[PDB]
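Following: one structure in structure tokens, then a few remarks.
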Amino acid sequence: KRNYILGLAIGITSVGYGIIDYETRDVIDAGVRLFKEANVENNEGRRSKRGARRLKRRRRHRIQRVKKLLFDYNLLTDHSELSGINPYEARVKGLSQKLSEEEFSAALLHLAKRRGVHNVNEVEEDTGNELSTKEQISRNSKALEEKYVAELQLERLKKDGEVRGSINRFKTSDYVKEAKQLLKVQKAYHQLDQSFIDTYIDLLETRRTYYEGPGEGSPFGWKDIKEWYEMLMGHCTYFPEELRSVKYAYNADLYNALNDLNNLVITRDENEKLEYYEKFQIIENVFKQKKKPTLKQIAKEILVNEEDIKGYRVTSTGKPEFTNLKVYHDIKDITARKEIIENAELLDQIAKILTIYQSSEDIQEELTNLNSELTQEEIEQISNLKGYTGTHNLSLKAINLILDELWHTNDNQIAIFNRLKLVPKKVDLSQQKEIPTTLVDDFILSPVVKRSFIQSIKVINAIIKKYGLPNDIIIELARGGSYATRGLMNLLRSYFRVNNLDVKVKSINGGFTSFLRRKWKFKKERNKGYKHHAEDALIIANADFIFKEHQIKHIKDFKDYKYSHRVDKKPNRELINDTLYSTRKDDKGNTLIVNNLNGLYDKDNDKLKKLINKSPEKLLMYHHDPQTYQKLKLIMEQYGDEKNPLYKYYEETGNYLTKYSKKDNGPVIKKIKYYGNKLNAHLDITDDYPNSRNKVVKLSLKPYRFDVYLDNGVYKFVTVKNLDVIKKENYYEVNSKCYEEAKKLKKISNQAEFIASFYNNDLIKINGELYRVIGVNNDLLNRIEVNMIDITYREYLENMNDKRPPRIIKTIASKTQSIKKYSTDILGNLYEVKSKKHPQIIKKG
RNA sequence: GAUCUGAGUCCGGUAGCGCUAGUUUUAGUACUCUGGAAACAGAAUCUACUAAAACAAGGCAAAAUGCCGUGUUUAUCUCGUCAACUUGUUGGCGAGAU
DNA sequence: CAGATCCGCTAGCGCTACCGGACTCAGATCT
DNA sequence: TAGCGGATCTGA
């Protein structure tokens, strides 16, 4: 309808937008789009977890396979009990002496339990004494050439009293050697075939390789290593369809050499290009003779002085180096025969196999599959070859055409490609009115910048739909430098050009932006709010106005900012905290969680003394076996003013605090249990633990959403936890039984139906005040955590400068008058919304 | 100044494979009382060590052996179409609601 | 009963493949 | 990775 200049202030957590009229030169509308910062830590934690689960599942499956092996030979049965057997003593006995089949099974299962590290027996480094594994097992291996793993572990068990810890890391080769000696001794007495020993040793020593990955039933798996490398490697810079060539292919190295030789500038020829018959001679007398060509040796072939040579690439003060064909010389040494050397395609295939396949056994198999001329011995020699990794940026076909052209003409690669006329094509389809959001995914960015760009693209789409095609689009960026910015503008320019509705896209300069902000008065203070980002976008468009066209600016006084917050309705997230707590019934009859008090001998840690001063009965050692408590409390009161008597007592005696003993042999105490506050909100894990005397729970269960119900005037509130959502087929469905049960506790009438359903960062209007919901604080206490939409509560309190903690909790009780649900579009327009009836299905994909 | 190419260093990712640990329970041993006027273990379950087994709730798979589960996108409603393996949720157009 | 105050939340390495960026150098084309 | 899930505790 009306032309305008649109400013954008892309941040990590915010995309502020500002729309300034081209004619009146004043703001039409400005707003902010708030979203939680994308963090590499989130996905790295998810992947770290996925890997830990696979590790734990792999270990359990290996234990189960070992158990099946023991069953098939009747060594271990369901009637036998591993319990009561010390596996360390059993292993040390088995290395030299016969042992029973149940104790044999105990030793074998313990060996299969801990296998040792494989990454270190390949590469091990040692520097004195350190908290590293590569050095710890260095020291252990020093202690191993004398004795096996089990004997050293048992010796440590007698010396320090314990085996487990950082001291207990060893190599898989040591474990395999010990197990092999154990099995060699044991196979005489027991009925064990050779095949059983090899099967067990594979179970002990076998792990997946990094190129083999999970089972191909996984979404993360791959059928073959060739396909694994195919999806891994990039695509050609000119031919998107074509995959990159491996950088040590013979044609790629020839291409690089030809490129170098064309950069050569010779004066005696009075021309800048080198001759063809001369370049071929150089390449056939220097590059094919030396592993690394030398410019001085090139001077001999060119028959001209070195200072006449110019244009060679050089790195700092080093010699002028040229790109050399390592594959050609490597094949040349192992194979003197010239049919392999002559056939460049053979070197290309050999280099591709060497780069693709990570194992030497795989390389030999695929070299045999090549059915080439050279005999199997040279196949083994190539298999032993190493140093081939990475990919050349160009594809093999592009390299072939380019080198065929480079043999004759001395033009650089860009000129040859321009004469080859490959014209870039814009990836956007243009058949969608909105900017495609897939382009941001296409570009490689930091996760924070990628999410900010997606939000910015949707903001641009909404503005174009609401107001019309911008006259100009103007962008800033907080993170990513100017590189990500230029990618965003390449996207936007490509879309506008291909769709023929071209709009200028410009990024105002950071120095010029600072100059503009310094001009006049734009005060920046702490606790400004998101209106700060909105004002920055307005100032960005303001900067553009100065460049192309400051009196009576509406930017000075504009209390019309609209704040849009992203709503997170994504199911299946972190359900519950990973810590497992033990509970204990008190005298009264309430279930109390048990908390351990760690770091007793720490100067900074003074909790143990506070817990004694508050109430000593909270300590479990006061109630049970009180004499060590009385000794500890004598130590406690003796120091008094000292903040942590435990560390001081240990320092004076030289040893940590030990539990009371008349023989003075009592064990040292590292942690102390005390009684915690009673818990109502918990998840029972006690079923996992048979015959558990006391109930063991996980805590802090995360809510998904809460539905506000209204019966007979009083407002109710039902919480749907992340544990109540379960996945089937392609979708997520909340549990009907769990929802009905949770409705029973809140005792909502059957005739009542709910006002609305609230997800995280959803707008709610309680008693005429509108805040966005953070989450339900207490399900039983009927309180929900909220936050102010325009400014975060912490910043508002900091301006308010009060003592009260920055946290607002609202109670949905019998006294609240109204509850309303509001939604804002991405632009920030706020709407009262109508609710559906009881959402129990959410789609995935 | 910005694309392209290739020599390096230095950071950041995405996936994969493993290591030792951590929380908890059970069992055993130590240690704590008790008969003990003797043998024996009755309690206590606090403090350590060792083992096995459970670690986001769970869901698949059949053991001819293995896989998934903590991220990425997402304002709400009606409207006639079109899938989903045919009821309520989702591809797309319209329309409301500040 | 309504805020305020108090209190916890798994962890270190150790490799691998391929993708990206900044830099600095030697030369291409575009603006 | 500093916000979230909660329990206590004073007013009473």
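Labeling convention for the structure tokens: chains A, B, ... as they appear, residues from 1 per chain, ligands from 1 in order of appearance.
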What are the residues of chain A that have an atom within 7 Å of an atom of chain C, counting only C-alpha atoms (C1' of nucleotides), as a list in words?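 Residues of chain A within 7 Å of chain C, counting only C-alpha atoms (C1' of nucleotides): residues 119, 210, 232, 233, 234, 263, 311, 312, 313, 314, 315, 316, 412, 413, 414, 415, 444, 577 and 578 of chain A.
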Which chain A residues are at most 6 Å from chain B (counting only C-alpha atoms (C1' of nucleotides)), as a VMD selection string? chain A and resid 43 46 84 117 169 209 to 210 213 217 to 218 414 573 to 574 576 578 to 580 621 624 to 625 667 669 688 to 689 692 723 823 to 825 831 833 to 834 841 to 842
Requested write-out: C-alpha atoms of the selected residues, as an mmCIF file, in the first residue's frame:
```
data_model
loop_
_atom_site.group_PDB
_atom_site.id
_atom_site.type_symbol
_atom_site.label_atom_id
_atom_site.label_comp_id
_atom_site.auth_asym_id
_atom_site.auth_seq_id
_atom_site.Cartn_x
_atom_site.Cartn_y
_atom_site.Cartn_z
ATOM 1 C CA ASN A 43 22.324 -30.384 21.395
ATOM 2 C CA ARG A 46 21.457 -34.459 23.891
ATOM 3 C CA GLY A 84 29.696 -63.627 47.969
ATOM 4 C CA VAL A 117 40.598 -48.142 27.051
ATOM 5 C CA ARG A 169 42.017 -47.224 34.368
ATOM 6 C CA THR A 209 34.515 -48.563 14.992
ATOM 7 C CA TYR A 210 33.863 -44.883 14.366
ATOM 8 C CA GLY A 213 28.420 -46.542 13.808
ATOM 9 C CA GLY A 217 18.144 -49.660 12.076
ATOM 10 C CA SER A 218 19.160 -46.421 13.766
ATOM 11 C CA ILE A 414 38.416 -18.425 -12.325
ATOM 12 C CA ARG A 573 11.905 -32.780 26.652
ATOM 13 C CA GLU A 574 13.860 -33.212 29.882
ATOM 14 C CA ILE A 576 12.961 -35.262 35.437
ATOM 15 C CA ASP A 578 18.792 -37.470 36.972
ATOM 16 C CA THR A 579 19.683 -37.602 40.671
ATOM 17 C CA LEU A 580 18.252 -40.489 42.676
ATOM 18 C CA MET A 621 24.402 -40.467 62.722
ATOM 19 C CA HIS A 624 21.928 -44.127 64.921
ATOM 20 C CA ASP A 625 25.308 -44.974 66.451
ATOM 21 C CA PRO A 667 36.807 -46.155 58.456
ATOM 22 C CA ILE A 669 34.026 -40.644 56.692
ATOM 23 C CA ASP A 688 13.572 -50.680 39.742
ATOM 24 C CA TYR A 689 15.136 -51.731 43.056
ATOM 25 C CA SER A 692 14.267 -51.827 48.865
ATOM 26 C CA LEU A 723 5.913 -37.801 31.890
ATOM 27 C CA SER A 823 -1.813 -14.933 21.837
ATOM 28 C CA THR A 824 0.425 -12.567 19.902
ATOM 29 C CA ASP A 825 1.507 -13.036 16.324
ATOM 30 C CA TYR A 831 -5.302 -10.970 20.397
ATOM 31 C CA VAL A 833 -8.129 -16.040 21.514
ATOM 32 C CA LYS A 834 -10.850 -18.691 21.543
ATOM 33 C CA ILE A 841 -2.888 -35.131 20.301
ATOM 34 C CA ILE A 842 0.112 -33.162 19.016
#
```
Return as a count of residues only the full set of residues in region 312-539 of chain A whose backbone-based DSSP assignment is alpha helix (DSSP H). 126
Write out, as a Markdown table, each residue of chain D that has an atom at most 9 Å from chain A, together with the closest pair of atoms and their distance in Å to one decimal, counting only C-alpha atoms (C1' of nucleotides), rows going by chain and rising number.
```
| residue | atom | partner | partner_atom | distance |
| --- | --- | --- | --- | --- |
| D:4 | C1' | A:777 | CA | 8.4 |
| D:5 | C1' | A:700 | CA | 5.3 |
| D:6 | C1' | A:778 | CA | 6.5 |
| D:7 | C1' | A:677 | CA | 6.7 |
| D:8 | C1' | A:677 | CA | 8.6 |
```
For those residues, write N, CA, C and O atoms (P, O5', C5', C4', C3', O3' and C1' of nucleotides) to a file as a compact mmCIF listing (two decimals), in the first residue's frame.
```txt
# COMPACT_ATOMS: atom_id res chain seq x y z
P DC D 4 13.27 -19.83 33.28
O5' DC D 4 13.13 -21.40 33.53
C5' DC D 4 12.26 -21.87 34.53
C4' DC D 4 12.75 -23.19 35.08
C3' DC D 4 11.74 -23.92 35.96
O3' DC D 4 11.98 -25.30 35.88
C1' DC D 4 13.61 -23.47 37.23
P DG D 5 10.96 -26.26 35.10
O5' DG D 5 10.59 -27.37 36.19
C5' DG D 5 9.83 -27.00 37.32
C4' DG D 5 10.17 -27.88 38.50
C3' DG D 5 9.07 -28.02 39.53
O3' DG D 5 9.30 -29.19 40.27
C1' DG D 5 10.82 -26.89 40.51
P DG D 6 8.09 -30.18 40.65
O5' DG D 6 8.01 -30.05 42.23
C5' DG D 6 7.92 -28.78 42.81
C4' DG D 6 8.73 -28.71 44.09
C3' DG D 6 7.89 -28.45 45.33
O3' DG D 6 8.30 -29.29 46.37
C1' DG D 6 9.61 -26.84 45.16
P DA D 7 7.20 -29.96 47.32
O5' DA D 7 7.86 -29.87 48.77
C5' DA D 7 9.25 -30.02 48.90
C4' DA D 7 9.78 -29.14 50.01
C3' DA D 7 8.82 -28.90 51.17
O3' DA D 7 9.55 -28.97 52.38
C1' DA D 7 9.56 -26.85 50.33
P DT D 8 8.82 -29.22 53.78
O5' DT D 8 9.31 -27.99 54.65
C5' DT D 8 9.68 -26.80 54.00
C4' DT D 8 10.42 -25.88 54.93
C3' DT D 8 9.69 -25.55 56.20
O3' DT D 8 10.61 -24.94 57.10
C1' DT D 8 9.53 -23.73 54.71
```
CA of residue 816 (chain A) to CA of residue 709 (chain A), distance in Å rounded to a single decimal: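 Computing the Euclidean distance for CA of residue 816 (chain A) and CA of residue 709 (chain A) yields 12.4 Å.
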